[PDB]
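A.B. asks: Structure file work34.pdb (PDB, C-alpha atoms (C1' of nucleotides)) is given on the next line.
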ATOM      1  CA  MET S   1       5.748  40.323 -59.319  1.00  0.00           C
ATOM      2  CA  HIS S   2       6.673  37.900 -56.559  1.00  0.00           C
ATOM      3  CA  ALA S   3       5.929  34.395 -55.316  1.00  0.00           C
ATOM      4  CA  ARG S   4       6.827  32.060 -52.465  1.00  0.00           C
ATOM      5  CA  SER S   5       6.160  28.374 -51.787  1.00  0.00           C
ATOM      6  CA  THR S   6       8.488  27.318 -48.958  1.00  0.00           C
ATOM      7  CA  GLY S   7      11.407  29.504 -47.921  1.00  0.00           C
ATOM      8  CA  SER S   8      13.080  30.776 -44.765  1.00  0.00           C
ATOM      9  CA  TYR S   9      11.508  31.274 -41.337  1.00  0.00           C
ATOM     10  CA  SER S  10      11.688  33.969 -38.697  1.00  0.00           C
ATOM     11  CA  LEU S  11      13.480  33.157 -35.462  1.00  0.00           C
ATOM     12  CA  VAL S  12      11.497  34.184 -32.382  1.00  0.00           C
ATOM     13  CA  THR S  13       8.127  33.182 -33.870  1.00  0.00           C
ATOM     14  CA  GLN S  14       8.093  30.547 -36.584  1.00  0.00           C
ATOM     15  CA  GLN S  15       6.406  32.434 -39.421  1.00  0.00           C
ATOM     16  CA  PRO S  16       7.564  33.102 -42.972  1.00  0.00           C
ATOM     17  CA  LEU S  17       9.733  36.163 -43.392  1.00  0.00           C
ATOM     18  CA  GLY S  18       8.442  39.346 -44.981  1.00  0.00           C
ATOM     19  CA  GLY S  19       9.448  41.321 -48.036  1.00  0.00           C
ATOM     20  CA  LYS S  20      10.855  40.643 -51.471  1.00  0.00           C
ATOM     21  CA  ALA S  21      14.502  41.052 -50.456  1.00  0.00           C
ATOM     22  CA  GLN S  22      14.235  37.947 -48.353  1.00  0.00           C
ATOM     23  CA  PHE S  23      12.148  35.260 -49.997  1.00  0.00           C
ATOM     24  CA  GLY S  24       9.182  36.146 -47.812  1.00  0.00           C
ATOM     25  CA  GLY S  25       5.488  35.440 -48.171  1.00  0.00           C
ATOM     26  CA  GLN S  26       2.465  37.699 -48.076  1.00  0.00           C
ATOM     27  CA  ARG S  27       0.482  38.680 -44.988  1.00  0.00           C
ATOM     28  CA  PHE S  28      -3.008  37.308 -44.388  1.00  0.00           C
ATOM     29  CA  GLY S  29      -3.991  40.408 -42.493  1.00  0.00           C
ATOM     30  CA  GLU S  30      -6.665  40.715 -39.852  1.00  0.00           C
ATOM     31  CA  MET S  31      -9.360  42.064 -42.156  1.00  0.00           C
ATOM     32  CA  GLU S  32      -8.877  39.089 -44.455  1.00  0.00           C
ATOM     33  CA  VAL S  33      -9.497  36.779 -41.506  1.00  0.00           C
ATOM     34  CA  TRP S  34     -12.737  38.633 -40.867  1.00  0.00           C
ATOM     35  CA  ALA S  35     -13.650  38.251 -44.525  1.00  0.00           C
ATOM     36  CA  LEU S  36     -13.061  34.514 -44.502  1.00  0.00           C
ATOM     37  CA  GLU S  37     -15.128  34.184 -41.336  1.00  0.00           C
ATOM     38  CA  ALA S  38     -17.927  36.070 -43.097  1.00  0.00           C
ATOM     39  CA  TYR S  39     -18.303  33.215 -45.549  1.00  0.00           C
ATOM     40  CA  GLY S  40     -18.968  29.822 -44.118  1.00  0.00           C
ATOM     41  CA  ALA S  41     -15.349  29.006 -44.862  1.00  0.00           C
ATOM     42  CA  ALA S  42     -13.743  27.540 -41.757  1.00  0.00           C
ATOM     43  CA  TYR S  43     -11.379  24.824 -42.951  1.00  0.00           C
ATOM     44  CA  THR S  44      -9.448  27.141 -45.246  1.00  0.00           C
ATOM     45  CA  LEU S  45      -8.984  29.725 -42.500  1.00  0.00           C
ATOM     46  CA  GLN S  46      -7.897  27.106 -39.991  1.00  0.00           C
ATOM     47  CA  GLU S  47      -5.275  25.679 -42.311  1.00  0.00           C
ATOM     48  CA  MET S  48      -4.212  29.132 -43.488  1.00  0.00           C
ATOM     49  CA  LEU S  49      -3.232  30.127 -39.962  1.00  0.00           C
ATOM     50  CA  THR S  50      -2.289  26.729 -38.529  1.00  0.00           C
TER      51      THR S  50
ATOM     52  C1'  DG B   1     -20.663  64.291   6.119  1.00  0.00           C
ATOM     53  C1'  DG B   2     -22.527  65.289   1.276  1.00  0.00           C
ATOM     54  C1'  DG B   3     -23.978  66.723  -3.216  1.00  0.00           C
ATOM     55  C1'  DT B   4     -21.704  69.056  -6.316  1.00  0.00           C
ATOM     56  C1'  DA B   5     -17.886  71.014  -9.754  1.00  0.00           C
ATOM     57  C1'  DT B   6     -13.277  70.980 -11.445  1.00  0.00           C
ATOM     58  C1'  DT B   7      -8.935  68.876 -12.436  1.00  0.00           C
ATOM     59  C1'  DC B   8      -5.635  64.996 -13.637  1.00  0.00           C
ATOM     60  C1'  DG B   9      -4.248  61.338 -15.928  1.00  0.00           C
ATOM     61  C1'  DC B  10      -4.924  57.310 -18.888  1.00  0.00           C
ATOM     62  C1'  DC B  11      -6.834  55.291 -23.264  1.00  0.00           C
ATOM     63  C1'  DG B  12      -7.506  55.462 -28.367  1.00  0.00           C
ATOM     64  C1'  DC B  13      -6.538  57.206 -33.071  1.00  0.00           C
ATOM     65  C1'  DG B  14      -6.720  52.299 -41.389  1.00  0.00           C
ATOM     66  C1'  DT B  15      -4.685  48.112 -44.384  1.00  0.00           C
ATOM     67  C1'  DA B  16      -1.139  46.066 -47.603  1.00  0.00           C
ATOM     68  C1'  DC B  17       3.318  46.702 -50.101  1.00  0.00           C
ATOM     69  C1'  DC B  18       8.186  48.801 -52.227  1.00  0.00           C
ATOM     70  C1'  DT B  19      13.083  51.557 -51.743  1.00  0.00           C
ATOM     71  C1'  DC B  20      16.970  53.430 -48.838  1.00  0.00           C
ATOM     72  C1'  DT B  21      20.251  54.157 -44.303  1.00  0.00           C
ATOM     73  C1'  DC B  22      21.939  53.231 -39.374  1.00  0.00           C
ATOM     74  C1'  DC B  23      22.475  50.182 -34.842  1.00  0.00           C
ATOM     75  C1'  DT B  24      26.584  52.834 -27.340  1.00  0.00           C
ATOM     76  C1'  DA B  25      30.618  55.786 -25.134  1.00  0.00           C
ATOM     77  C1'  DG B  26      34.360  56.276 -23.178  1.00  0.00           C
ATOM     78  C1'  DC B  27      38.615  54.655 -20.652  1.00  0.00           C
ATOM     79  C1'  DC B  28      42.709  51.820 -20.510  1.00  0.00           C
ATOM     80  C1'  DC B  29      46.316  48.831 -21.035  1.00  0.00           C
ATOM     81  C1'  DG B  30      49.181  45.920 -23.851  1.00  0.00           C
ATOM     82  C1'  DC B  31      51.690  46.757 -27.551  1.00  0.00           C
ATOM     83  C1'  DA B  32      54.295  47.921 -32.159  1.00  0.00           C
ATOM     84  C1'  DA B  33      57.211  51.231 -33.911  1.00  0.00           C
ATOM     85  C1'  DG B  34      60.522  54.758 -33.883  1.00  0.00           C
ATOM     86  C1'  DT B  35      64.087  57.152 -31.632  1.00  0.00           C
ATOM     87  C1'  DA B  36      68.344  59.554 -28.651  1.00  0.00           C
ATOM     88  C1'  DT B  37      71.679  57.734 -25.904  1.00  0.00           C
ATOM     89  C1'  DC B  38      75.373  54.934 -24.108  1.00  0.00           C
ATOM     90  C1'  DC B  39      78.870  51.900 -24.458  1.00  0.00           C
ATOM     91  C1'  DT B  40      82.234  49.891 -28.033  1.00  0.00           C
ATOM     92  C1'  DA B  41      86.157  50.193 -30.839  1.00  0.00           C
ATOM     93  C1'  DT B  42      90.547  52.623 -33.477  1.00  0.00           C
ATOM     94  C1'  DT B  43      94.863  56.489 -33.341  1.00  0.00           C
ATOM     95  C1'  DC B  44      98.433  59.799 -30.556  1.00  0.00           C
ATOM     96  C1'  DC B  45     100.849  61.234 -25.863  1.00  0.00           C
ATOM     97  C1'  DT B  46     102.977  60.682 -20.803  1.00  0.00           C
ATOM     98  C1'  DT B  47     103.459  57.378 -16.420  1.00  0.00           C
ATOM     99  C1'  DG B  48     104.789  53.009 -12.919  1.00  0.00           C
ATOM    100  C1'  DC B  49     106.446  48.501 -12.031  1.00  0.00           C
ATOM    101  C1'  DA B  50     108.805  43.952 -13.279  1.00  0.00           C
ATOM    102  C1'  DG B  51     112.353  41.572 -15.831  1.00  0.00           C
ATOM    103  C1'  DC B  52     117.317  41.691 -16.944  1.00  0.00           C
ATOM    104  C1'  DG B  53     122.196  42.166 -18.938  1.00  0.00           C
ATOM    105  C1'  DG B  54     126.304  43.381 -16.633  1.00  0.00           C
ATOM    106  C1'  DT B  55     129.538  43.890 -13.708  1.00  0.00           C
TER     107       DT B  55
END
Once more with this new file: its structure as structure tokens, please.
C.D. replies:
Amino acid sequence: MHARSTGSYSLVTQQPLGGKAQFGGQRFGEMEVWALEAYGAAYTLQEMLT
DNA sequence: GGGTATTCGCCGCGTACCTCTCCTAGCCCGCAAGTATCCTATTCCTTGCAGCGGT
């Protein structure tokens, strides 16, 4: 069981770290982006990767 | 030249997460530490020159 709201940030590319050791967040993988595009949902996707 | 066959080389092969370990090799030069050696004294003996009483 794990959670993250606002923690650290990677260095080269500003994205949340990964893994439970560091306080990282989950990964909104490619297939999930496809899935969100399949709905009419556009605002949520745009915010979720911007 | 030309239509064809055969070979060569490049491109590709699922998502998300958890645990662990390990991450250049070799030379070189200053440098700390530890040591064997060399000069430093003391005691005995036998010389060589300058003062010195004595007449």
A.B. asks: Which residues match the PyMOL selection byres ((chain S) within 9 of (chain B)) in the file above, as a PDB file with C-alpha atoms, in the frame of the given file?
C.D. replies:
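So the final result, stored in expr14.pdb, reads:
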ATOM      1  CA  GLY S  19       9.448  41.321 -48.036  1.00  0.00           C
ATOM      2  CA  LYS S  20      10.855  40.643 -51.471  1.00  0.00           C
ATOM      3  CA  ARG S  27       0.482  38.680 -44.988  1.00  0.00           C
ATOM      4  CA  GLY S  29      -3.991  40.408 -42.493  1.00  0.00           C
ATOM      5  CA  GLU S  30      -6.665  40.715 -39.852  1.00  0.00           C
ATOM      6  CA  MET S  31      -9.360  42.064 -42.156  1.00  0.00           C
TER       7      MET S  31
END
A.B. asks: May I have the residues within 12 Å of residue S:48 as JSON, numbers by chain, using only C-alpha atoms (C1' of nucleotides) and disregarding those fewer than 2 positions away in the same chain?
C.D. replies: {"S": [15, 26, 27, 28, 29, 32, 33, 36, 41, 42, 43, 44, 45, 46, 50]}
A.B. asks: What is the atom CA of residue S:47-atom CA of residue S:13 distance in Å, reported with one decimal?
C.D. replies: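 Straight-line distance from atom CA of residue S:47 to atom CA of residue S:13 works out to 17.5 Å.
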A.B. asks: I'd like the interatomic distance between atom CA of residue S:35 and atom CA of residue S:1, to a tenth of an Å.
C.D. replies: 24.5 Å
A.B. asks: Just the number, please: distance in Å from atom CA of residue S:10 to atom CA of residue S:23, one decimal.
C.D. replies: 11.4 Å
